[PDB]
Amino acid sequence: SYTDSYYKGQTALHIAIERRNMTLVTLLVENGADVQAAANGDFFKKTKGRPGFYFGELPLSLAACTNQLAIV
Amino acid sequence: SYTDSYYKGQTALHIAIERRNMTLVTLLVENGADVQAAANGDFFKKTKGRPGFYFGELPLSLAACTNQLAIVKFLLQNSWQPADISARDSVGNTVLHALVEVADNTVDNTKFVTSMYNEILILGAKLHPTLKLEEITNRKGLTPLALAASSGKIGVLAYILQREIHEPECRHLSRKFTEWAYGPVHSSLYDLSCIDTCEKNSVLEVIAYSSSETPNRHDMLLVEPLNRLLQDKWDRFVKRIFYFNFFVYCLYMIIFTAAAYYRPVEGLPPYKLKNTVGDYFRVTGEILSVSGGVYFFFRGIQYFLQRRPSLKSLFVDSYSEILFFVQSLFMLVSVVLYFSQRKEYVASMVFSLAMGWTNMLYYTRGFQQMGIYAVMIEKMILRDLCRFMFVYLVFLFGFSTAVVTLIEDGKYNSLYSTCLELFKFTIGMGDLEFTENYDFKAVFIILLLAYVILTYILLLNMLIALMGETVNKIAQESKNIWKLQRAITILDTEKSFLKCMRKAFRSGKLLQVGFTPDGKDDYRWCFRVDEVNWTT
Amino acid sequence: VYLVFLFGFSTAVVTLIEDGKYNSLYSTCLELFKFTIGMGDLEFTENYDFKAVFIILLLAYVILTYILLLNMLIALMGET
Ligand SMILES: C=C(C)[C@]12C[C@@H](C)[C@@]34O[C@](Cc5ccccc5)(O[C@@H]1[C@@H]3C=C(COC(=O)Cc1ccc(O)c(OC)c1)C[C@]1(O)C(=O)C(C)=C[C@@H]41)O2
Ligand SMILES: CCCCCCCCCCCCCCCC(=O)O[C@H](COC(=O)CCCCCC)COP(=O)(O)OCCN
Ligand SMILES: CCCCCCCCCCCCCCCC(=O)O[C@H](COC(=O)CCCCCC)COP(=O)(O)OCCN
């Protein structure tokens, strides 16, 4: 996962869910990918004076937030 | 070609291109027709008080302007007589300047002009990869971008600043570079070149020092890269320097007030010092006050030389510099009378002192909430009182002369005291005490009551209603007004800067593309912006 | 805004006058405040020096504060 101060904890599954790739999500979960990682960098936390995207830091919350019921 | 003063230089090719007749254009160009003729009659030049059609005087510009892409391609790409994409007219305008000028900020026109602009750029890149059309300046020194900003072309400006061409081999024509995107967020780099550091005439200078007649003067600062730039410059350096200047002005005015209050009351200036503490503090304050006056005098002169404002718009813009300059003039006249041994220097000094306090309202602008009061006061003085002054003076001089003629030997047999009394009646603090027993008392009473009804009741409330609508008109325009004033402050702070510092740039001199048409790389002073958009 | 105007003209007037009822910041600030709300005097029966400058200053104050600023406040309050 990303180790920097901004994208900390982001992994492949978050990108796959964001990109709306059902197949890659299935492949990652099949290969033992963690479905309960926390993506908890400054880009992903609640904030007012900064651009960002808060979603709850978890792939399940991300899939729900982006309106992808099938992945949920 | 036409030989008269109106259609001078027009030829068949111009008519054919206007007629959208591809066949005639093909025939004429085939027969050796000059594709770089100049049509430079009065019908074809830039003009304000005359109907006309300016297009840049050349067939290529005409073909682009009328939305005939095919003829542009044919003129540039046919071998019989190729057209010079870089040609300039008498004004110095290239085709891109011509396209900028014939914008009008409507949806359909913006689509037409923007599209033709972009296609001309692609054709230029393919035909002449070593040519940079957008840097070519017309006779006023303006590039197409500077010209678009100058004329208030919001659509063309918003297009150019946010230009992104998703095509290989011509990405160097882009200015916006989307580095990445997430759900609602995306990050791009903006080119920034000749926005802030241009060395001829940058975008922000042109928007700020526009003449207040440009239609979209405030809207042009809402376009994304500019707004973020101004916010960054404000938060980094300009904010602290602004507060420091305001504090120093406050100290200056306190010193001036204290120096003025404790003036000596004996006769015949200049006044010699005594070896005492009070005189040393007083003369110290006097020296500092006069120094400040000299400083404002020279700043005003530098302003009027650098800007060269015309008489018509002298007050419409530059109101603040005028008032600061007039304050300094009162100070200098006071010094001249002081050493010239006249007590009447006091009469000058107090005026400067009064003005010195009210010019504090200059510093309220640049605040979102408080700048509205300074803006309103400026506009009400310049438009409502100044128009109303003539109407009120007609009434005042009429009834004053009537009353003074009627009266023989009273307090009303003098134009000065009579004008004072009627003025007081206008603002509701007269008397109407008819205790005197002069002749023509009935006529005197009828005249005064007619005056009081006409001026206190009718005219004054008319003025107040008009001022009320002016106040309501610009209550809702507050945000725009604030933004523009903050921009002007930032530019002036960069101009003076008083510390040998020229850290006017925002982000680094980073490689943008690295792939020119040739084997070099471009470093362009890009600026990173991450935006949020909740669409879908 | 109002205090900027008031302190400006109050200090100017007090500096101009030597030994009157206007040679005091307290009474002068009171008088100019009364002028703002339309219950002053404008009685120039006194015969001190610089009478013309005193008159011009007070009339400029009365136009700027009683006519211009006060009705600006009233228009804004009316919209609220
Ligand atoms: C040169 C001009 C235009 C001007 C200079 C003087 C004489 C002025 O009166 C006027 C004429 C006048 C006189 C009396 C009532 C209304 C207008 O308007 C201004 C000018 C107008 C004002 C009005 O008060 C202000 O709010 C000043 C001001 C407004 C907005 C600003 O952005 C500002 O920043 C510099 C200053 C202040 C005076 O300069 C002042 O302090 C005195 C003693 C008279 C006012 O002449
Ligand atoms: C709001 C919009 C509508 C406004 C309507 C206006 C109404 C104003 C009220 C009337 C005011 C009358 C003024 C007082 C009359 C007066 O006191 O004076 C009269 C002299 O004649 C006049 O002035 C004629 C009256 C003026 C004509 C009319 C404008 C008689 O003389 P004496 O003083 O010696 O009285 C004898 C000794 N005590
Ligand atoms: C509604 C918006 C438009 C507003 C327009 C404003 C018009 C107001 C006109 C009022 C003018 C009042 C003139 C004062 C005359 C006066 O009373 O003072 C004179 C000296 O004149 C001056 O003050 C200088 C001129 C002042 C000019 C000031 C603009 C000396 O007379 P005495 O003392 O010897 O009187 C001897 C017997 N008592």
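All positions are counted from 1 along the displayed chain.
Looking at the header, which is where the method is noted, we find electron microscopy, 3.2 Å.
Any Cβ shown, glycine's included, is placed from N, Cα and C.
Here is what Swiss-Prot records for this protein:
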- C:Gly38: Na(+) 2 binding site (BINDING)
- C:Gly38: Na(+) 1 binding site (BINDING)
- C:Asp41: Ca(2+) binding site (BINDING)
- C:22-44: intramembrane segment (INTRAMEM)
- C:38-41: motif 'Selectivity filter' (MOTIF)
- C:45-52: topological domain 'Extracellular' (TOPO_DOM)
Open item on the list: Let me spell it out: take the topological domain 'Extracellular' (C:45-52), skip the flanking residues so only those 6+ beyond its ends count, and list any with a Cβ under 8 Å from a Cβ in it.
Closed with: 16-18, 20
TODO: On the DSSP side of things, how many residues of the motif 'Selectivity filter' (C:38-41) fall into helix, strand and coil, could you say?
DONE: 0 helix, 0 strand, 4 coil
TODO: May I have the DSSP-based helix, strand and coil counts for the residues of the topological domain 'Extracellular' (C:45-52)?
DONE: 2 helix, 0 strand, 6 coil
- [ ] Give the sequence-ordered list of residues that share a chain with the residue listed as 'Na(+) 2 binding site', lie 6 or more positions from it, and have CB atoms under 8 Å from its CB.
- [x] C:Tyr66
Task: Under 8 Å by Cβ from the residue listed as 'Ca(2+) binding site', counting only residues of that chain that are 6 or more apart - done: none
